[PDB]
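Comments concern the structure below.
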Amino acid sequence: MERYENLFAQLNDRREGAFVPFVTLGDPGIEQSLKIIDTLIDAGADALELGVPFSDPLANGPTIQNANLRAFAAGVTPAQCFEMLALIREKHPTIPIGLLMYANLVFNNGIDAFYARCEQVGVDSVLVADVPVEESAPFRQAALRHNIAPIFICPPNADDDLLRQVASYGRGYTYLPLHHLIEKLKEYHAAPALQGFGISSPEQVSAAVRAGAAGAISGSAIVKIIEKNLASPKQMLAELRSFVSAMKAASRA
Amino acid sequence: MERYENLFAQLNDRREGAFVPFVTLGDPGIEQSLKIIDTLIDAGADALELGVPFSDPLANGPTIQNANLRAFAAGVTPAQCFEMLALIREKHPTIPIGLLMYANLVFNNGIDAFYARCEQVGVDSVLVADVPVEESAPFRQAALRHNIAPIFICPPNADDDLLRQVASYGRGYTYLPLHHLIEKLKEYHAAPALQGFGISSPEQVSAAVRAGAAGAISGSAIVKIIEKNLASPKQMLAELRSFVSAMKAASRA
Amino acid sequence: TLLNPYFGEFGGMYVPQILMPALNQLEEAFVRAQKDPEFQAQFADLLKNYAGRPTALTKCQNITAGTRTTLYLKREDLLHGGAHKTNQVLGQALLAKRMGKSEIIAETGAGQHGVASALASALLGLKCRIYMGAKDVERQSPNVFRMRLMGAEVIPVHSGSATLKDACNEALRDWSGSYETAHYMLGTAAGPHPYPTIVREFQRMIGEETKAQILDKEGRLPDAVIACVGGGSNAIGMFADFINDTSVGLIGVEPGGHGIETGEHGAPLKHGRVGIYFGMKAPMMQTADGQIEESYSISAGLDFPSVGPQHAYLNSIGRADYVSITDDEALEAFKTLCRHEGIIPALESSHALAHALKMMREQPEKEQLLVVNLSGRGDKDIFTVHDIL
Amino acid sequence: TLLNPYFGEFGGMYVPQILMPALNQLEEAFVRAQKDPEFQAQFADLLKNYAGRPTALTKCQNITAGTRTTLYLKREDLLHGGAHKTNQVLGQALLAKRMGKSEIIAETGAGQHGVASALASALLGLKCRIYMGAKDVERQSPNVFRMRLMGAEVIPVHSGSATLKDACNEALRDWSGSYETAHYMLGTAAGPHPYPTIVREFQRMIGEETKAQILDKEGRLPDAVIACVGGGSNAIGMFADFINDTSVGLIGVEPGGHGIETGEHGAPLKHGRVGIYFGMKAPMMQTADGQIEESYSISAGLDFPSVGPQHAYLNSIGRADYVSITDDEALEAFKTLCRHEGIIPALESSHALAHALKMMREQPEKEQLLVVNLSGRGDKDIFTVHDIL
Ligand SMILES: Cc1ncc(COP(=O)(O)O)c(CN[C@@H](CO)C(=O)O)c1O
Ligand SMILES: Cc1ncc(COP(=O)(O)O)c(CN[C@@H](CO)C(=O)O)c1O
Ligand SMILES: O=P(O)(O)OCCCc1c[nH]c2ccccc12
Ligand SMILES: O=P(O)(O)OCCCc1c[nH]c2ccccc12
Ligand SMILES: [K+]
Ligand SMILES: [K+]
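Chains as they are written, first to last, in the entry's author numbering: chain A, 1 to 176, 192 to 268; chain A', 1 to 176, 192 to 268; chain B, 3 to 391; chain B', 3 to 391. A prime marks a further copy of an entry chain.
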């Protein structure tokens, strides 16, 4: 919730956009994953988007699907993910931590209980990929009473009626003609927008910021590096560091 | 035709019945077959029933079916059968020679032509297994004008209407309560009856003669001996000789 | 006999004397049954509520697009069992019961008739024993297991060439001694009288339905009705009701196999010689000597080495015309129907469709209303076709 | 939405925001189409002249002999394709066309839906691409080849467990970007609204026909209608018209597999926990964590790890009752039907029959008029059964 407030305010003072990498928790293993995350943070990540391995990634492409398989191969479970989350927060007090979730893991044994666990471990926001604005009521309500920011996706095929809902319901950040959506969101005072359309190059980050977005999210590009250096964990880290620094450099410059 | 007349008259003077063995022409080979036939005649056969190998023996049991297979394995053809028939007649002037045929080999290239060939080689009668009294007109007509005796089967399920037809149509011999059929045939003056219900033992021959039949025909029993001694042609002959002498002895005694 | 056993010079009752009473009994039963309102009512009930009649008449627009040809397919592939064989098999089973018979004997090439015989028997509480050619046993294993699942006793024949003709041979052998309690259920409109007549009458609903359906949809009779011809039952079933409609062409399609000239075919009616076998006088596949040969085709169902006598007669007088279609032609028709209409036809039926496609393609501007008898579904043929492609 | 997406607490539209417009478009199209006399006329024409409707309602006397039970089987096995899936697949294809869409996307477990999707598309000139679970590809090879023969592009999914649920996952993935030109043809009465409602309405003719047929033959409604339940389409199709007839029992039969207690089953409605997936809120096979598992059954067609929301709701209010049937029970019912009625049912349908047989046998003196929905034929199952016996 508020960690996003502070970050975006800071970034604005510095006149720079936010670069947020996404990774699957426990991919390719708990220890290596924890190290990957520390490297992302150390390399320049302003916030984090973390997914917990789900059996059926309804809205996930190949790269991420494979991340889930590797995570599951390591026996990663949501309970293990929450343990990782607490540890990450204990080491990094201010980075906004966002969760990329699937509805069943949230609903499984109580929506409210899920948001209670999130608040307990220090999570800041939760994006339920398969819960559209039309079914969000119980999720956004439980999120708000646990000081968790409910994140909503503003798709390309979004009408004005959807823009208004997203602006009214979302908190922390809005998962994003482009300038039209961006300016309409700002008009409706939606949470700062973070672009998420396959961002894999430095030029894409500056472009997103120049368009009026508060930042850009990169997922597949990050995971790709992991998949490539699966046999060389140290080289994985080194490459991750280079990528993140490159992407972050592109948000200020 | 008349060879049957003479045989039955002779047998009657001797107060004995006729024993007629059946064999497939060319089974298991032309030479061996010719030898089998000479042995049957030498052992006591009063007449002969000879079948020409047909592709589909509609009314033939296993034993005989196998005879056809062996004959066909030796490449026996109807043309080859007629050559055998001429030779058999040249060696034995008086034995009545009867053919057990299937309709297609008779009809193939002219019913009349078939009966002409029969008369030419010295055949005495022709029984077309698959031509019932109801379809016999062209066959019996062609047979009669070529001095060939048309043989008809008087089945067990024969009514009086059938008995009259068989008596009127048949010549040479009638292929046969039993006493009822026998006496009704005699009443209608049918050709001498030769019983053909699986005759394989001496007692069966005397029984048939005692019942008022002019004789008995044995097929499977004969072929059986061949099938058994297929590996010992000389023993085949010796066994055939013993069987035939035994069966013939049973017709007079 | 009560009825004429001949269609011109073709037909008859060429069986051993011992079997004539059985044939005469069957003919009398059929004649009485045909006059019996109750026999007809029950037959009709089974056809409707059990087999699924009437079958649909599908107009196939996609395949005739761009030509003046309007094609309809009589959907016998939708009949219970997946083929037209069920129709007559049900009537014969009721006939057997009418005669007080509790057992059934049958023969098969492609397991379809045996399966249909097994299903009817299971339904009507009849003890059924089937005769399949030893070779066909291994070729049509799925059909074999089906027969067994339906309680019929399957019996392979290793005699002769171990195929349909030899199977037909064994069934007759059996019947010769059991006729008193068992009924021999012949699978096509061939064999000795009254079978060619009985099978036609118990299949004629195909043509009667087609007539009503075409009059309803088009307001006129078709220019021609086309059907494959193995032994002749599906074809005569379609033809029957149109015989007196002189304007309607009747086209029978025999298997051309690898090509008539190669000798590897199963088209005796147009490329064979008249002989006597299977209890009838009809054209057949035979050597110069008179030994009967086998009919070759990509489709096992069209392997009967002879043809129904009524077909040979309808041909002789020029009422019906017979043509042949090659394996490759049938295969193509098979592929085309799947892709353009979403229907998988039996390779047998594909020969009929193949010809209708030829009539269309050769003269695309000729206006013609055609009806192809889709005698069966080709699910059974996916493997075969798949082995070719 | 125009219609209620929920059946009590079950249902909804749990899909990524990007897919909501596609769902809304589809719902509007369906609502307009349902009010359109011409849409209904064409749908009906295809059902009658192409698919072969109405299907027969067979009274099975042999199986109920000696009991007070009268059993009728709704013959969906006689429908073009050999299963009920064809009905709704035809309506959805017409819907896609109504929306100006030229392409179709589908998913499969047992190749039946993909085959039905491929046939409808071939018929209606639609470009079809199917998603099959990699494992199921090799298991249902015949169905695969059939799909290809009908021109559909078959695509195996190697993701997750490479089964139906993962296939459903891939199809959605595709649709998310192609919704503009392609229609996702869901195969059962599950998934996000309006699919559960659409599939029911396009399958309801099963029950409407059964009602008219039973009133015609018996002069009364049945005491109960029984159908297997994989995703729920064949069952809801039968149930639909009887829901307001309070005296008629609605019994759904889920696969018990090797036994409920073994955990190896596919009965989420009665032995699962409510979750959110496949775009809906419904009971499902899942771990304590909330990870979704697979449904096990001898029959591949009943492997959907969840159930239609309307079924879960009809159960909650006590309108319909759900029970389970083991592989061995289905196998037995399968064998019994073949031997006593000459009908080979699909192992799926065998679960429904198995239950009706249990109702009869447990209380043989209870007078009951039952209707079992024979959703498909078991030709596809002869091998499987043969491997067991
Ligand atoms: C779908 C279909 N259509 C046509 C035929 C050919 O015979 P018909 O000409 O008698 O109709 C068959 C024959 N099938 C034979 C095989 O010789 C059988 O014993 O079953 C068939 O299965
Ligand atoms: C004959 C028959 N009856 C029943 C069902 C089960 O589904 P239903 O409950 O939706 O009707 C199937 C399903 N078959 C699924 C497999 O998961 C398919 O993709 O095709 C079927 O093939
Ligand atoms: O792969 P990219 O670069 O397009 O990442 C996008 C980032 C967040 C993200 C990760 N997994 C998802 C599943 C559903 C919705 C959004 C996501
Ligand atoms: O085998 P058996 O001893 O009963 O012989 C019977 C003799 C004649 C015979 C040989 N083959 C046949 C085919 C049809 C009709 C009769 C025959
Ligand atoms: K033929
Ligand atoms: K299920």
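All residues carry an ideal CB built from backbone N, CA and C; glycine is no exception.
{"Query": "Could you tell me the alpha carbon to alpha carbon distance between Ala116(A') and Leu105(A'), rounded to whole angstroms?", "Result": "14 Å"}
{"Query": "Can you give me, in chain order, the residues of the segment 362-391 of chain B that have a beta carbon less than 7 Å from any beta carbon in chain B'?", "Result": "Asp381, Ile384, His388"}
{"Query": "Less than 8 Å between the CB atoms is what I'm expecting for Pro150(A') and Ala158(A'), so what's the real figure, rounded?", "Result": "Actually they do not touch by this definition, with Cβ atoms about 17 Å apart."}
{"Query": "Which residues mark the beginning and the end of the alpha helix (DSSP H) in which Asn68(A) is found?", "Result": "62-73"}
{"Query": "Compare the C-alpha of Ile238(B) against each of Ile200(B), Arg341(B), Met134(B) and name the closest.", "Result": "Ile200(B)"}
{"Query": "Shorter than 9 Å from the beta carbon of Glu49(A) to some beta carbon of chain B'?", "Result": "no"}
{"Query": "Are the C-beta atoms of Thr110(B) and some chain B' residue less than 9 Å apart?", "Result": "no"}
{"Query": "Put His353(B) into one of helix, strand or coil per three-state DSSP.", "Result": "helix"}
{"Query": "Using a Cβ-Cβ distance cut-off of 9 Å, determine whether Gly61(A) contacts chain B'.", "Result": "yes"}
{"Query": "Could you tell me whether any Cβ in chain A' is nearer than 9 Å to the Cβ of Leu188(B)?", "Result": "no"}
{"Query": "How would you call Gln210(A'), buried or exposed, if buried means at least 16 neighbouring beta carbons within 10 angstroms?", "Result": "buried"}
{"Query": "Which residue from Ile237(A'), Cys81(A'), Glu242(A') puts its Cα closest to that of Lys263(A')?", "Result": "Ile237(A')"}
{"Query": "Using 10 angstroms around the beta-carbon of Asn6(B), count the other beta-carbons present and answer buried if the total reaches 16, otherwise exposed.", "Result": "exposed"}
{"Query": "Leaving out five residues before and five after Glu211(B) in sequence, what residues of the same chain have Cβ atoms less than 6 Å from its Cβ?", "Result": "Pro56"}
{"Query": "Let me check you understand the geometry: is the CB of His185(B) closer than 8 Å to at least one non-hydrogen atom of ligand 1?", "Result": "no"}
{"Query": "For the segment 18-37 of chain B, enumerate the residues whose C-beta is nearer than 7 Å to any C-beta of chain A', in chain order.", "Result": "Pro18, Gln19, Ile20, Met22, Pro23"}
{"Query": "Report the rounded CA-to-CA distance for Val255(B') versus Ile228(B), giving the unit in angstroms.", "Result": "45 Å"}
{"Query": "Taking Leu121(B) and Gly232(B) to be in contact with their CB atoms under 8 Å, please state how far apart those CB atoms are, rounded to whole angstroms.", "Result": "Not really, about 20 Å apart at Cβ, beyond 8 Å."}
{"Query": "Using a Cβ cut-off of 9 Å (strictly closer), state whether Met207(B') contacts chain A.", "Result": "no"}
{"Query": "Would the beta-carbon of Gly17(A) fall within 9 Å of that of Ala229(A)?", "Result": "yes"}
{"Query": "Cα separation between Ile384(B) and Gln42(B)?", "Result": "37 Å"}
{"Query": "Any beta-carbon of chain B' closer than 9 Å to the one on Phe45(B)?", "Result": "no"}
{"Query": "Does the Cβ of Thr183(B) have 16 or more other Cβ atoms within 10 Å, making it buried, or fewer, making it exposed?", "Result": "exposed"}
{"Query": "What residues from chain B crowd round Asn236(B'), counting only those whose CB sits closer than 9 Å?", "Result": "Going along chain B, no residue has its Cβ under 9 Å from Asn236(B'), so there is no contact; the nearest lies around 18 Å."}
{"Query": "Should the segment 90-103 of chain B' be regarded as contacting the segment 57-68 of chain B', the criterion being three or more beta carbon pairs within less than 8 Å?", "Result": "no"}
{"Query": "Candidates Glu30(B), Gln90(B), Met152(B): which alpha carbon is nearest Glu343(B')'s?", "Result": "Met152(B)"}
{"Query": "Using only the heavy atoms of ligand 6, determine whether one of them is closer than 8 Å to the beta carbon of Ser308(B').", "Result": "yes"}
{"Query": "Suppose you measure from the CA of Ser247(A) to the CA of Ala59(A); what does that come to, to the nearest Å?", "Result": "29 Å"}
{"Query": "Below 7 Å on C-beta distance, what does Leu105(A) contact in chain B'?", "Result": "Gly292"}
{"Query": "Would you call the segment 50-58 of chain A' in contact with the segment 19-35 of chain A', where contact means no fewer than 3 C-beta pairs closer than 8 Å?", "Result": "yes"}
{"Query": "With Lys272(B) as the anchor, note down where its alpha helix (DSSP H) starts and where it stops.", "Result": "270-273"}
{"Query": "Please look up how many angstroms separate the CB atoms of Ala231(A) and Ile214(A), rounded, as I've assumed it's under 8 Å.", "Result": "5 Å"}
{"Query": "Could you check whether the Cβ of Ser352(B) sits closer than 9 Å to any Cβ belonging to chain B'?", "Result": "no"}
{"Query": "With 9 Å as the threshold, decide whether the Cβ of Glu295(B) is near any Cβ in chain A'.", "Result": "yes"}
{"Query": "Quick one: is residue 1(B) near chain A', going by C-beta distance under 9 Å?", "Result": "Given that chain B is displayed from residue 3 to residue 391, the structure contains no residue 1(B) and the question cannot be resolved."}
{"Query": "Can you tell me whether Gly265(B') sits near ligand 5, meaning its C-beta is under 8 Å from at least one heavy atom of the ligand?", "Result": "no"}
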